[PDB]
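The deposited numbering puts the first sequence at residues 180 to 357.
Note that the Cβ used here is the ideal one computed from N, Cα and C, for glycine as well.
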Amino acid sequence: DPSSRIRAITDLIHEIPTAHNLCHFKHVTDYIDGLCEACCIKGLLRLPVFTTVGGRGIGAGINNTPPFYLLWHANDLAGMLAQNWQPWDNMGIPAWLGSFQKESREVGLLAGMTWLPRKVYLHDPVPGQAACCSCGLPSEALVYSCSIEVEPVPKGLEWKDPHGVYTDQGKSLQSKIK
RNA sequence: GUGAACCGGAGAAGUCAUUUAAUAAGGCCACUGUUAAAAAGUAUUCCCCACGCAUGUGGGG
Ligand SMILES: [Zn+2]
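Here it is as structure tokens:
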């Protein structure tokens with residue numbers, strides 16, 4: 180839904196800096212540099228698995244702190260899907276079918292892999308000629324703002340990530356590289 | 001005009017206090033430096049230059 184809060188389109192991209200902090204290694208400014216019609220979907224698909232804790236609005240997502248993600252490789256895309264093809268007993272419920280779908284404590288694969296930790300609404304394209312700040316290809320239309328407001332997951336949810344790694348009690352094993 | 005361009009790991013700090021290397025020793029016994037010479041009674045003094053050439057005078061290194 181269209182929440183009244185307005186945020187720049189660069190908040191969904193981690194490598195591109197946003198409000199506060201610094202802007203070195205990526206010389207951009209808010210609301211003047213936008214995203215094309217593919218990088219917006221790139222940012223949208225990154226929501227359920229790489230959502231950071233943040234400041235106020237500590238609730239990150241179904242995995243809290245993002246852990247290591249391990250999966251088996253191949254040499255072709257159709258081949259790549261075969262190694263990691265592990266159907267479960269129940270295929271949960273759709274979470275991208277236009278339904279927010281308040282479920283029970285136990286969740287499923289289709290409702291887990293497509294989580295939406297934040298309400299998101301993208302504004303209409305703006306005419307122009309400039310390129311985006313992620314892939315850099317010149318285009319005709321760009322998106323410059325979005326409506327983002329934080330949402331907390333229900334406490335005590337039961338969900339084991341198929342590609343996650345846990346230490347001893349379900350706590351996420353992150354990367355301790357500084 | 002190159003995952004590149006633009007870019008300090010920076011500010012600060014007595015290792016100070018105590019201590020004999022001390023007590024002793026013979027380097028001792030043996031050994032010719034010997035055999036040879038005039039600085040002076042010579043027969044060409046190692047080199048240059050003036051003169052007329054009866055084992056000639058003068059001058060300089
Ligand atoms: Zn792009």
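Could you pull the start and end residues of the beta strand (DSSP E) that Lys-298 belongs to? From DSSP, the beta strand (DSSP E) with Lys-298 extends over 297-301.
With a threshold of 6 angstroms on Cβ separation, who are the neighbours of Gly-315 within its own chain once the five nearest residues in sequence on each side are excluded? Answer for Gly-315: no residue qualifies.
Need the endpoints of the alpha helix (DSSP H) that residue 367 sits in, please. Here the chain comprises residues numbered 180 to 357, so residue 367 is not present and cannot be evaluated.
If we ignore side chains and look at the alpha-carbon of each, how far apart do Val-232 and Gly-238 end up? One C-alpha to the other measures close to 6 angstroms.
Pick out every residue whose C-beta is nearer than 5 angstroms to a heavy atom of ligand 1: which are they, in chain order? Taken from the N-terminal end onward, the list reads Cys-215, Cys-218, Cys-311, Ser-313 and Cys-314.
With a threshold of 7 angstroms on Cβ separation, who are the neighbours of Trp-338 within its own chain once the five nearest residues in sequence on each side are excluded? Closer than 7 angstroms at the Cβ level, and outside the excluded window around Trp-338, lie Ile-241, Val-286 and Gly-291.
Taking DSSP's pairing of strands, which residues face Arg-186 in a bridge? Answer is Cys-325.
Out of curiosity, what's the CA-to-CA distance linking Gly-307 and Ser-326? Spanning the two alpha carbons is a distance of roughly 22 angstroms.
The alpha helix (DSSP H) spanning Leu-288 covers which residue range? Segment 288-291, the alpha helix (DSSP H) holding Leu-288.
Count the other CB atoms within 10 Å of the CB of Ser-313; is the residue buried (16 or more) or exposed (fewer)? Using a 10 angstroms sphere on the CB of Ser-313, the tally of other CB atoms reaches 16 or more, which defines it as buried.
Between the alpha carbons of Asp-212 and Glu-328, how many angstroms are there, rounded? Here the alpha carbon of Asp-212 sits roughly 21 angstroms from the alpha carbon of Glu-328.
Sort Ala-320, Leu-295, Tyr-323 and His-203 by Cα distance to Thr-230 and report the nearest one. Nearest in C-alpha terms to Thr-230, of all of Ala-320, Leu-295, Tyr-323 and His-203, is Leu-295.
Flag this pair as touching only if the segment 242-259 and the segment 339-354 have three or more C-beta atom pairs under 8 angstroms; answer yes or no. These segments touch.
Can you give the Cα-Cα distance for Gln-262 and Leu-276, rounded to whole angstroms? Near 27 angstroms, if we compare the C-alpha coordinates of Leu-276 and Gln-262.
Cβ shell of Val-299 (< 8 angstroms), same chain only, five flanking positions each side left out: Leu-191, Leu-223, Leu-226, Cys-325, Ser-326 and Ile-327, listed in sequence order.
CA-to-CA distance, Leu-201 to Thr-293, given in whole angstroms: Distance between the alpha carbons of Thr-293 and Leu-201 is about 31 angstroms.
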